[PDB]
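Colleague: Here you go, this is my_file20.cif (mmCIF, N, CA, C and O atoms).
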data_upload
#
loop_
_atom_site.group_PDB
_atom_site.id
_atom_site.type_symbol
_atom_site.label_atom_id
_atom_site.label_comp_id
_atom_site.auth_asym_id
_atom_site.auth_seq_id
_atom_site.Cartn_x
_atom_site.Cartn_y
_atom_site.Cartn_z
ATOM 1 N N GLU D 247 -2.728 -23.041 -28.444
ATOM 2 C CA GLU D 247 -3.207 -24.240 -27.698
ATOM 3 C C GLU D 247 -3.217 -23.937 -26.199
ATOM 4 O O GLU D 247 -2.319 -23.306 -25.677
ATOM 5 N N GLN D 248 -4.227 -24.381 -25.502
ATOM 6 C CA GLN D 248 -4.293 -24.118 -24.037
ATOM 7 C C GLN D 248 -4.317 -25.448 -23.282
ATOM 8 O O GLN D 248 -5.085 -25.636 -22.358
ATOM 9 N N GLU D 249 -3.483 -26.375 -23.666
ATOM 10 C CA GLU D 249 -3.459 -27.692 -22.971
ATOM 11 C C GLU D 249 -2.357 -28.567 -23.574
ATOM 12 O O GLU D 249 -2.467 -29.776 -23.621
ATOM 13 N N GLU D 250 -1.296 -27.965 -24.037
ATOM 14 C CA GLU D 250 -0.191 -28.762 -24.638
ATOM 15 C C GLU D 250 0.374 -29.726 -23.594
ATOM 16 O O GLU D 250 0.744 -30.842 -23.903
ATOM 17 N N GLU D 251 0.447 -29.306 -22.360
ATOM 18 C CA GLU D 251 0.993 -30.202 -21.301
ATOM 19 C C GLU D 251 0.051 -30.203 -20.094
ATOM 20 O O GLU D 251 0.411 -30.631 -19.016
ATOM 21 N N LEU D 252 -1.152 -29.729 -20.266
ATOM 22 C CA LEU D 252 -2.112 -29.705 -19.126
ATOM 23 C C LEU D 252 -1.532 -28.862 -17.988
ATOM 24 O O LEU D 252 -0.558 -29.233 -17.363
ATOM 25 N N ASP D 253 -2.122 -27.731 -17.713
ATOM 26 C CA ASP D 253 -1.602 -26.870 -16.615
ATOM 27 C C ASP D 253 -2.696 -25.900 -16.162
ATOM 28 O O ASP D 253 -2.554 -24.698 -16.266
ATOM 29 N N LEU D 254 -3.787 -26.410 -15.660
ATOM 30 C CA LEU D 254 -4.886 -25.512 -15.201
ATOM 31 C C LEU D 254 -5.154 -25.757 -13.716
ATOM 32 O O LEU D 254 -4.681 -26.720 -13.155
ATOM 33 N N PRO D 255 -5.908 -24.874 -13.121
ATOM 34 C CA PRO D 255 -6.262 -24.971 -11.696
ATOM 35 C C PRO D 255 -7.415 -25.963 -11.500
ATOM 36 O O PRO D 255 -8.426 -25.884 -12.170
ATOM 37 N N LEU D 256 -7.286 -26.892 -10.588
ATOM 38 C CA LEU D 256 -8.401 -27.862 -10.377
ATOM 39 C C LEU D 256 -9.645 -27.086 -9.947
ATOM 40 O O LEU D 256 -10.735 -27.316 -10.432
ATOM 41 N N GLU D 257 -9.484 -26.162 -9.039
ATOM 42 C CA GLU D 257 -10.646 -25.359 -8.572
ATOM 43 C C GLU D 257 -11.511 -24.960 -9.771
ATOM 44 O O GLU D 257 -12.699 -24.743 -9.646
ATOM 45 N N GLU D 258 -10.923 -24.858 -10.933
ATOM 46 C CA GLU D 258 -11.714 -24.470 -12.134
ATOM 47 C C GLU D 258 -12.004 -25.709 -12.986
ATOM 48 O O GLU D 258 -12.999 -25.770 -13.682
ATOM 49 N N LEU D 259 -11.146 -26.694 -12.939
ATOM 50 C CA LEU D 259 -11.377 -27.927 -13.748
ATOM 51 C C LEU D 259 -12.855 -28.317 -13.676
ATOM 52 O O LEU D 259 -13.391 -28.929 -14.580
ATOM 53 N N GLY D 260 -13.518 -27.969 -12.607
ATOM 54 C CA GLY D 260 -14.960 -28.319 -12.476
ATOM 55 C C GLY D 260 -15.093 -29.706 -11.847
ATOM 56 O O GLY D 260 -16.145 -30.312 -11.872
ATOM 57 N N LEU D 261 -14.031 -30.213 -11.281
ATOM 58 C CA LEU D 261 -14.096 -31.560 -10.650
ATOM 59 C C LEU D 261 -15.104 -31.535 -9.499
ATOM 60 O O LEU D 261 -15.619 -30.496 -9.136
ATOM 61 N N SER D 262 -15.392 -32.669 -8.922
ATOM 62 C CA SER D 262 -16.368 -32.705 -7.797
ATOM 63 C C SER D 262 -15.975 -31.663 -6.749
ATOM 64 O O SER D 262 -14.813 -31.355 -6.574
ATOM 65 N N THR D 263 -16.933 -31.116 -6.051
ATOM 66 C CA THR D 263 -16.602 -30.096 -5.016
ATOM 67 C C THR D 263 -15.609 -30.693 -4.020
ATOM 68 O O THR D 263 -14.611 -30.086 -3.685
ATOM 69 N N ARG D 264 -15.868 -31.882 -3.549
ATOM 70 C CA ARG D 264 -14.931 -32.514 -2.580
ATOM 71 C C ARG D 264 -13.501 -32.367 -3.102
ATOM 72 O O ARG D 264 -12.566 -32.210 -2.345
ATOM 73 N N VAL D 265 -13.326 -32.412 -4.395
ATOM 74 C CA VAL D 265 -11.959 -32.272 -4.967
ATOM 75 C C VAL D 265 -11.474 -30.835 -4.779
ATOM 76 O O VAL D 265 -10.436 -30.591 -4.204
ATOM 77 N N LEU D 266 -12.221 -29.883 -5.267
ATOM 78 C CA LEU D 266 -11.810 -28.456 -5.134
ATOM 79 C C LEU D 266 -11.189 -28.210 -3.757
ATOM 80 O O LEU D 266 -10.023 -27.886 -3.639
ATOM 81 N N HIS D 267 -11.963 -28.349 -2.723
ATOM 82 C CA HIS D 267 -11.435 -28.111 -1.351
ATOM 83 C C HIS D 267 -10.260 -29.050 -1.049
ATOM 84 O O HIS D 267 -9.130 -28.617 -0.907
ATOM 85 N N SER D 268 -10.518 -30.326 -0.923
ATOM 86 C CA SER D 268 -9.416 -31.280 -0.599
ATOM 87 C C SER D 268 -8.250 -31.109 -1.567
ATOM 88 O O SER D 268 -7.209 -30.646 -1.189
ATOM 89 N N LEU D 269 -8.400 -31.496 -2.805
ATOM 90 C CA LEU D 269 -7.259 -31.361 -3.763
ATOM 91 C C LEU D 269 -6.587 -30.000 -3.588
ATOM 92 O O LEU D 269 -5.394 -29.914 -3.376
ATOM 93 N N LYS D 270 -7.333 -28.936 -3.680
ATOM 94 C CA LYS D 270 -6.715 -27.592 -3.520
ATOM 95 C C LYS D 270 -5.830 -27.580 -2.271
ATOM 96 O O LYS D 270 -4.613 -27.658 -2.356
ATOM 97 N N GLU D 271 -6.439 -27.484 -1.114
ATOM 98 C CA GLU D 271 -5.667 -27.449 0.165
ATOM 99 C C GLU D 271 -4.880 -28.748 0.385
ATOM 100 O O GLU D 271 -4.180 -28.890 1.368
ATOM 101 N N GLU D 272 -4.966 -29.689 -0.513
ATOM 102 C CA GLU D 272 -4.203 -30.950 -0.337
ATOM 103 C C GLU D 272 -2.863 -30.782 -1.044
ATOM 104 O O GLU D 272 -2.218 -31.739 -1.421
ATOM 105 N N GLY D 273 -2.462 -29.556 -1.262
ATOM 106 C CA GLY D 273 -1.191 -29.307 -1.984
ATOM 107 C C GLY D 273 -1.451 -29.593 -3.455
ATOM 108 O O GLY D 273 -0.557 -29.927 -4.208
ATOM 109 N N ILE D 274 -2.689 -29.480 -3.864
ATOM 110 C CA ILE D 274 -3.029 -29.763 -5.277
ATOM 111 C C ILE D 274 -4.086 -28.772 -5.769
ATOM 112 O O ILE D 274 -5.259 -28.920 -5.497
ATOM 113 N N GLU D 275 -3.685 -27.772 -6.502
ATOM 114 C CA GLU D 275 -4.677 -26.790 -7.014
ATOM 115 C C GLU D 275 -4.625 -26.770 -8.544
ATOM 116 O O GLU D 275 -4.955 -25.783 -9.168
ATOM 117 N N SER D 276 -4.206 -27.848 -9.150
ATOM 118 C CA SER D 276 -4.126 -27.883 -10.638
ATOM 119 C C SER D 276 -4.223 -29.322 -11.129
ATOM 120 O O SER D 276 -4.128 -30.266 -10.367
ATOM 121 N N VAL D 277 -4.417 -29.492 -12.402
ATOM 122 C CA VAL D 277 -4.530 -30.848 -12.961
ATOM 123 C C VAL D 277 -3.147 -31.493 -12.956
ATOM 124 O O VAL D 277 -3.014 -32.700 -12.935
ATOM 125 N N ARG D 278 -2.115 -30.694 -12.943
ATOM 126 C CA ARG D 278 -0.744 -31.265 -12.900
ATOM 127 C C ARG D 278 -0.597 -32.012 -11.578
ATOM 128 O O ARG D 278 -0.188 -33.157 -11.535
ATOM 129 N N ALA D 279 -0.964 -31.379 -10.495
ATOM 130 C CA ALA D 279 -0.884 -32.058 -9.178
ATOM 131 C C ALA D 279 -1.851 -33.238 -9.204
ATOM 132 O O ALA D 279 -1.519 -34.339 -8.811
ATOM 133 N N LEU D 280 -3.043 -33.017 -9.693
ATOM 134 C CA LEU D 280 -4.028 -34.129 -9.776
ATOM 135 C C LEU D 280 -3.385 -35.274 -10.561
ATOM 136 O O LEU D 280 -3.700 -36.432 -10.373
ATOM 137 N N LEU D 281 -2.469 -34.948 -11.432
ATOM 138 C CA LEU D 281 -1.780 -35.999 -12.232
ATOM 139 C C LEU D 281 -0.726 -36.673 -11.354
ATOM 140 O O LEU D 281 -0.517 -37.867 -11.419
ATOM 141 N N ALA D 282 -0.060 -35.910 -10.531
ATOM 142 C CA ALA D 282 0.982 -36.502 -9.645
ATOM 143 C C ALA D 282 0.325 -37.490 -8.681
ATOM 144 O O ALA D 282 0.891 -38.510 -8.341
ATOM 145 N N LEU D 283 -0.868 -37.198 -8.241
ATOM 146 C CA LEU D 283 -1.562 -38.123 -7.301
ATOM 147 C C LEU D 283 -1.716 -39.494 -7.961
ATOM 148 O O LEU D 283 -2.697 -39.768 -8.624
ATOM 149 N N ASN D 284 -0.753 -40.359 -7.788
ATOM 150 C CA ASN D 284 -0.847 -41.711 -8.409
ATOM 151 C C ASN D 284 -2.034 -42.468 -7.812
ATOM 152 O O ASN D 284 -2.824 -41.917 -7.074
ATOM 153 N N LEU D 285 -2.167 -43.727 -8.127
ATOM 154 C CA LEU D 285 -3.302 -44.517 -7.576
ATOM 155 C C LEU D 285 -3.209 -44.541 -6.049
ATOM 156 O O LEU D 285 -4.208 -44.539 -5.356
ATOM 157 N N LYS D 286 -2.017 -44.560 -5.521
ATOM 158 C CA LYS D 286 -1.854 -44.580 -4.041
ATOM 159 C C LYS D 286 -1.769 -43.143 -3.525
ATOM 160 O O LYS D 286 -1.170 -42.873 -2.504
ATOM 161 N N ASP D 287 -2.365 -42.221 -4.227
ATOM 162 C CA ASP D 287 -2.323 -40.799 -3.784
ATOM 163 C C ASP D 287 -3.731 -40.214 -3.856
ATOM 164 O O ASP D 287 -4.274 -39.747 -2.875
ATOM 165 N N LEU D 288 -4.331 -40.249 -5.013
ATOM 166 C CA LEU D 288 -5.708 -39.711 -5.159
ATOM 167 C C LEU D 288 -6.631 -40.461 -4.197
ATOM 168 O O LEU D 288 -7.354 -39.867 -3.419
ATOM 169 N N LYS D 289 -6.610 -41.764 -4.239
ATOM 170 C CA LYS D 289 -7.480 -42.556 -3.330
ATOM 171 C C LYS D 289 -6.937 -42.477 -1.901
ATOM 172 O O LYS D 289 -7.597 -42.859 -0.955
ATOM 173 N N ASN D 290 -5.739 -41.985 -1.735
ATOM 174 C CA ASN D 290 -5.158 -41.884 -0.366
ATOM 175 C C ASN D 290 -5.725 -40.651 0.339
ATOM 176 O O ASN D 290 -6.033 -40.682 1.514
ATOM 177 N N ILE D 291 -5.870 -39.566 -0.372
ATOM 178 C CA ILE D 291 -6.421 -38.329 0.250
ATOM 179 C C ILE D 291 -7.616 -38.699 1.140
ATOM 180 O O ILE D 291 -8.521 -39.378 0.698
ATOM 181 N N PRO D 292 -7.586 -38.241 2.370
ATOM 182 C CA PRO D 292 -8.661 -38.514 3.336
ATOM 183 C C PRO D 292 -9.894 -37.664 3.018
ATOM 184 O O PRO D 292 -10.893 -37.716 3.708
ATOM 185 N N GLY D 293 -9.834 -36.891 1.969
ATOM 186 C CA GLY D 293 -11.001 -36.045 1.593
ATOM 187 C C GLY D 293 -11.371 -36.344 0.142
ATOM 188 O O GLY D 293 -12.021 -35.561 -0.523
ATOM 189 N N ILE D 294 -10.949 -37.474 -0.353
ATOM 190 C CA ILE D 294 -11.255 -37.843 -1.762
ATOM 191 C C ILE D 294 -12.125 -39.104 -1.774
ATOM 192 O O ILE D 294 -11.802 -40.099 -1.155
ATOM 193 N N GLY D 295 -13.225 -39.071 -2.476
ATOM 194 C CA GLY D 295 -14.113 -40.268 -2.526
ATOM 195 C C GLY D 295 -14.386 -40.640 -3.985
ATOM 196 O O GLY D 295 -13.739 -40.155 -4.891
ATOM 197 N N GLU D 296 -15.340 -41.499 -4.220
ATOM 198 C CA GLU D 296 -15.654 -41.902 -5.619
ATOM 199 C C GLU D 296 -16.124 -40.680 -6.410
ATOM 200 O O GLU D 296 -15.752 -40.484 -7.549
ATOM 201 N N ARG D 297 -16.941 -39.855 -5.814
ATOM 202 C CA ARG D 297 -17.435 -38.646 -6.532
ATOM 203 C C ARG D 297 -16.245 -37.803 -6.994
ATOM 204 O O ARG D 297 -16.351 -37.012 -7.910
ATOM 205 N N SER D 298 -15.112 -37.963 -6.367
ATOM 206 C CA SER D 298 -13.918 -37.168 -6.772
ATOM 207 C C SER D 298 -13.138 -37.927 -7.847
ATOM 208 O O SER D 298 -12.823 -37.395 -8.892
ATOM 209 N N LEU D 299 -12.823 -39.170 -7.598
ATOM 210 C CA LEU D 299 -12.062 -39.960 -8.607
ATOM 211 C C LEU D 299 -12.743 -39.837 -9.971
ATOM 212 O O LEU D 299 -12.094 -39.792 -10.997
ATOM 213 N N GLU D 300 -14.047 -39.783 -9.991
ATOM 214 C CA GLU D 300 -14.768 -39.666 -11.289
ATOM 215 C C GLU D 300 -14.339 -38.380 -12.002
ATOM 216 O O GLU D 300 -13.708 -38.414 -13.042
ATOM 217 N N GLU D 301 -14.677 -37.245 -11.453
ATOM 218 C CA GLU D 301 -14.292 -35.961 -12.100
ATOM 219 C C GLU D 301 -12.816 -36.014 -12.500
ATOM 220 O O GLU D 301 -12.469 -35.770 -13.638
ATOM 221 N N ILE D 302 -11.946 -36.340 -11.581
ATOM 222 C CA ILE D 302 -10.495 -36.422 -11.922
ATOM 223 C C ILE D 302 -10.349 -37.141 -13.261
ATOM 224 O O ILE D 302 -9.827 -36.605 -14.220
ATOM 225 N N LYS D 303 -10.817 -38.354 -13.330
ATOM 226 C CA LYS D 303 -10.725 -39.119 -14.603
ATOM 227 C C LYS D 303 -11.186 -38.224 -15.754
ATOM 228 O O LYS D 303 -10.481 -38.032 -16.725
ATOM 229 N N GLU D 304 -12.363 -37.667 -15.649
ATOM 230 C CA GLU D 304 -12.860 -36.777 -16.736
ATOM 231 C C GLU D 304 -11.734 -35.831 -17.150
ATOM 232 O O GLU D 304 -11.495 -35.605 -18.320
ATOM 233 N N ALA D 305 -11.033 -35.282 -16.194
ATOM 234 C CA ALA D 305 -9.914 -34.360 -16.525
ATOM 235 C C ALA D 305 -8.866 -35.121 -17.338
ATOM 236 O O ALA D 305 -8.416 -34.664 -18.370
ATOM 237 N N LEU D 306 -8.480 -36.287 -16.889
ATOM 238 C CA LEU D 306 -7.471 -37.073 -17.654
ATOM 239 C C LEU D 306 -8.077 -37.465 -19.000
ATOM 240 O O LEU D 306 -7.389 -37.892 -19.905
ATOM 241 N N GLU D 307 -9.364 -37.313 -19.142
ATOM 242 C CA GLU D 307 -10.016 -37.658 -20.432
ATOM 243 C C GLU D 307 -9.927 -36.442 -21.353
ATOM 244 O O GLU D 307 -9.920 -36.560 -22.562
ATOM 245 N N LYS D 308 -9.852 -35.269 -20.781
ATOM 246 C CA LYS D 308 -9.754 -34.040 -21.605
ATOM 247 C C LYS D 308 -8.297 -33.818 -22.008
ATOM 248 O O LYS D 308 -8.005 -33.355 -23.093
ATOM 249 N N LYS D 309 -7.378 -34.156 -21.145
ATOM 250 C CA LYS D 309 -5.939 -33.974 -21.484
ATOM 251 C C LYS D 309 -5.369 -35.320 -21.935
ATOM 252 O O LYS D 309 -4.670 -35.414 -22.924
ATOM 253 N N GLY D 310 -5.686 -36.365 -21.223
ATOM 254 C CA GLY D 310 -5.192 -37.718 -21.611
ATOM 255 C C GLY D 310 -3.806 -37.979 -21.018
ATOM 256 O O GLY D 310 -2.997 -38.673 -21.604
ATOM 257 N N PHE D 311 -3.515 -37.442 -19.864
ATOM 258 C CA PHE D 311 -2.173 -37.689 -19.263
ATOM 259 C C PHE D 311 -2.222 -38.929 -18.368
ATOM 260 O O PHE D 311 -3.278 -39.392 -17.986
ATOM 261 N N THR D 312 -1.081 -39.474 -18.039
ATOM 262 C CA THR D 312 -1.049 -40.690 -17.178
ATOM 263 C C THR D 312 -0.580 -40.315 -15.774
ATOM 264 O O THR D 312 -0.935 -39.277 -15.252
ATOM 265 N N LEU D 313 0.196 -41.160 -15.148
ATOM 266 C CA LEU D 313 0.666 -40.862 -13.769
ATOM 267 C C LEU D 313 -0.464 -41.170 -12.784
ATOM 268 O O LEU D 313 -0.299 -41.068 -11.585
ATOM 269 N N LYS D 314 -1.614 -41.550 -13.282
ATOM 270 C CA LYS D 314 -2.750 -41.867 -12.371
ATOM 271 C C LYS D 314 -3.646 -42.920 -13.025
ATOM 272 O O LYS D 314 -4.857 -42.819 -13.003
ATOM 273 N N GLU D 315 -3.061 -43.931 -13.608
ATOM 274 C CA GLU D 315 -3.880 -44.989 -14.264
ATOM 275 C C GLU D 315 -3.058 -46.274 -14.376
ATOM 276 O O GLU D 315 -3.339 -47.201 -13.634
#
Show this structure as structure tokens.
Modeller:
Amino acid sequence: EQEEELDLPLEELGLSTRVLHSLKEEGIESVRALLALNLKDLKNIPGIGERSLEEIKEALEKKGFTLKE
């Protein structure tokens, strides 16, 4: 299994480009960090917009983890 607890690099998750750069250099280069970004974190990033929240969700749709819903 390659997703028992979700642990991949966001830069590869394929999320919106705005995410790759921001999330990555935002101390977040994986879906685990993307998971830590609670509602007052993902939308807090000054480099995260709707085009980013969408892809992120898609990721939580592939793994189904919480911490951001």
Colleague: The PyMOL selection byres ((chain D and resi 252-258) around 7) on the file shown: which residues, as a PDB file with N, CA, C and O atoms, keeping the file's coordinate frame?
Modeller:
ATOM      1  N   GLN D 248      -4.227 -24.381 -25.502  1.00  0.00           N
ATOM      2  CA  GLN D 248      -4.293 -24.118 -24.037  1.00  0.00           C
ATOM      3  C   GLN D 248      -4.317 -25.448 -23.282  1.00  0.00           C
ATOM      4  O   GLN D 248      -5.085 -25.636 -22.358  1.00  0.00           O
ATOM      5  N   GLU D 249      -3.483 -26.375 -23.666  1.00  0.00           N
ATOM      6  CA  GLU D 249      -3.459 -27.692 -22.971  1.00  0.00           C
ATOM      7  C   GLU D 249      -2.357 -28.567 -23.574  1.00  0.00           C
ATOM      8  O   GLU D 249      -2.467 -29.776 -23.621  1.00  0.00           O
ATOM      9  N   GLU D 250      -1.296 -27.965 -24.037  1.00  0.00           N
ATOM     10  CA  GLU D 250      -0.191 -28.762 -24.638  1.00  0.00           C
ATOM     11  C   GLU D 250       0.374 -29.726 -23.594  1.00  0.00           C
ATOM     12  O   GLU D 250       0.744 -30.842 -23.903  1.00  0.00           O
ATOM     13  N   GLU D 251       0.447 -29.306 -22.360  1.00  0.00           N
ATOM     14  CA  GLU D 251       0.993 -30.202 -21.301  1.00  0.00           C
ATOM     15  C   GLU D 251       0.051 -30.203 -20.094  1.00  0.00           C
ATOM     16  O   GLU D 251       0.411 -30.631 -19.016  1.00  0.00           O
ATOM     17  N   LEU D 259     -11.146 -26.694 -12.939  1.00  0.00           N
ATOM     18  CA  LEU D 259     -11.377 -27.927 -13.748  1.00  0.00           C
ATOM     19  C   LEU D 259     -12.855 -28.317 -13.676  1.00  0.00           C
ATOM     20  O   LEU D 259     -13.391 -28.929 -14.580  1.00  0.00           O
ATOM     21  N   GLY D 260     -13.518 -27.969 -12.607  1.00  0.00           N
ATOM     22  CA  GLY D 260     -14.960 -28.319 -12.476  1.00  0.00           C
ATOM     23  C   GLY D 260     -15.093 -29.706 -11.847  1.00  0.00           C
ATOM     24  O   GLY D 260     -16.145 -30.312 -11.872  1.00  0.00           O
ATOM     25  N   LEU D 261     -14.031 -30.213 -11.281  1.00  0.00           N
ATOM     26  CA  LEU D 261     -14.096 -31.560 -10.650  1.00  0.00           C
ATOM     27  C   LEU D 261     -15.104 -31.535  -9.499  1.00  0.00           C
ATOM     28  O   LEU D 261     -15.619 -30.496  -9.136  1.00  0.00           O
ATOM     29  N   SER D 262     -15.392 -32.669  -8.922  1.00  0.00           N
ATOM     30  CA  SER D 262     -16.368 -32.705  -7.797  1.00  0.00           C
ATOM     31  C   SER D 262     -15.975 -31.663  -6.749  1.00  0.00           C
ATOM     32  O   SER D 262     -14.813 -31.355  -6.574  1.00  0.00           O
ATOM     33  N   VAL D 265     -13.326 -32.412  -4.395  1.00  0.00           N
ATOM     34  CA  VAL D 265     -11.959 -32.272  -4.967  1.00  0.00           C
ATOM     35  C   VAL D 265     -11.474 -30.835  -4.779  1.00  0.00           C
ATOM     36  O   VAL D 265     -10.436 -30.591  -4.204  1.00  0.00           O
ATOM     37  N   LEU D 266     -12.221 -29.883  -5.267  1.00  0.00           N
ATOM     38  CA  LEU D 266     -11.810 -28.456  -5.134  1.00  0.00           C
ATOM     39  C   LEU D 266     -11.189 -28.210  -3.757  1.00  0.00           C
ATOM     40  O   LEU D 266     -10.023 -27.886  -3.639  1.00  0.00           O
ATOM     41  N   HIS D 267     -11.963 -28.349  -2.723  1.00  0.00           N
ATOM     42  CA  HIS D 267     -11.435 -28.111  -1.351  1.00  0.00           C
ATOM     43  C   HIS D 267     -10.260 -29.050  -1.049  1.00  0.00           C
ATOM     44  O   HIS D 267      -9.130 -28.617  -0.907  1.00  0.00           O
ATOM     45  N   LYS D 270      -7.333 -28.936  -3.680  1.00  0.00           N
ATOM     46  CA  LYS D 270      -6.715 -27.592  -3.520  1.00  0.00           C
ATOM     47  C   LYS D 270      -5.830 -27.580  -2.271  1.00  0.00           C
ATOM     48  O   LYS D 270      -4.613 -27.658  -2.356  1.00  0.00           O
ATOM     49  N   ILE D 274      -2.689 -29.480  -3.864  1.00  0.00           N
ATOM     50  CA  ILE D 274      -3.029 -29.763  -5.277  1.00  0.00           C
ATOM     51  C   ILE D 274      -4.086 -28.772  -5.769  1.00  0.00           C
ATOM     52  O   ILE D 274      -5.259 -28.920  -5.497  1.00  0.00           O
ATOM     53  N   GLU D 275      -3.685 -27.772  -6.502  1.00  0.00           N
ATOM     54  CA  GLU D 275      -4.677 -26.790  -7.014  1.00  0.00           C
ATOM     55  C   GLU D 275      -4.625 -26.770  -8.544  1.00  0.00           C
ATOM     56  O   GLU D 275      -4.955 -25.783  -9.168  1.00  0.00           O
ATOM     57  N   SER D 276      -4.206 -27.848  -9.150  1.00  0.00           N
ATOM     58  CA  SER D 276      -4.126 -27.883 -10.638  1.00  0.00           C
ATOM     59  C   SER D 276      -4.223 -29.322 -11.129  1.00  0.00           C
ATOM     60  O   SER D 276      -4.128 -30.266 -10.367  1.00  0.00           O
ATOM     61  N   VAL D 277      -4.417 -29.492 -12.402  1.00  0.00           N
ATOM     62  CA  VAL D 277      -4.530 -30.848 -12.961  1.00  0.00           C
ATOM     63  C   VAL D 277      -3.147 -31.493 -12.956  1.00  0.00           C
ATOM     64  O   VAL D 277      -3.014 -32.700 -12.935  1.00  0.00           O
ATOM     65  N   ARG D 278      -2.115 -30.694 -12.943  1.00  0.00           N
ATOM     66  CA  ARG D 278      -0.744 -31.265 -12.900  1.00  0.00           C
ATOM     67  C   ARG D 278      -0.597 -32.012 -11.578  1.00  0.00           C
ATOM     68  O   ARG D 278      -0.188 -33.157 -11.535  1.00  0.00           O
ATOM     69  N   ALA D 279      -0.964 -31.379 -10.495  1.00  0.00           N
ATOM     70  CA  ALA D 279      -0.884 -32.058  -9.178  1.00  0.00           C
ATOM     71  C   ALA D 279      -1.851 -33.238  -9.204  1.00  0.00           C
ATOM     72  O   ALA D 279      -1.519 -34.339  -8.811  1.00  0.00           O
ATOM     73  N   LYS D 309      -7.378 -34.156 -21.145  1.00  0.00           N
ATOM     74  CA  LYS D 309      -5.939 -33.974 -21.484  1.00  0.00           C
ATOM     75  C   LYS D 309      -5.369 -35.320 -21.935  1.00  0.00           C
ATOM     76  O   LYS D 309      -4.670 -35.414 -22.924  1.00  0.00           O
TER      77      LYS D 309
END
Colleague: For a test of reading the model, state the distance in Å between CA of residue 312 (chain D) and CA of residue 299 (chain D), rounded to one decimal.
Modeller: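 If I compute the distance from CA of residue 312 (chain D) to CA of residue 299 (chain D), I get 14.0 Å.
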Colleague: With DSSP run on the backbone, what are the helix (DSSP H, G or I) residues within chain D? I'd like them as a ChimeraX atom specification.
Modeller: /D:256-259,263-271,277-282,285-288,296-309
Colleague: Spell out the residues picked by the PyMOL selection byres (((chain D and resi 294 and name CA) around 12) and name CA) here, as JSON, numbers by chain.
Modeller: {"D": [261, 262, 263, 264, 265, 266, 267, 268, 269, 270, 271, 272, 280, 283, 285, 286, 287, 288, 289, 290, 291, 292, 293, 295, 296, 297, 298, 299, 300, 301, 302]}
Colleague: I'd like the box whose edges run along x, y and z of the file and which contains every listed atom of region 307-311 of chain D, padded by 6 Å per side; could you state its centre and edge lengths in Å, one decimal, as JSON?
Modeller:
{"center_x": -6.1, "center_y": -36.4, "center_z": -20.5, "size_x": 19.8, "size_y": 18.0, "size_z": 17.1}
Colleague: Go ahead and compute the interatomic distance for atom O of residue 247 (chain D) and atom O of residue 314 (chain D), in Å to one decimal.
Modeller: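 The value is 23.4 Å.
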Colleague: Atom O of residue 306 (chain D) to CA of residue 281 (chain D): how many Å, to one decimal?
Modeller: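 Atom-to-atom, atom O of residue 306 (chain D) to CA of residue 281 (chain D), that is 9.7 Å.
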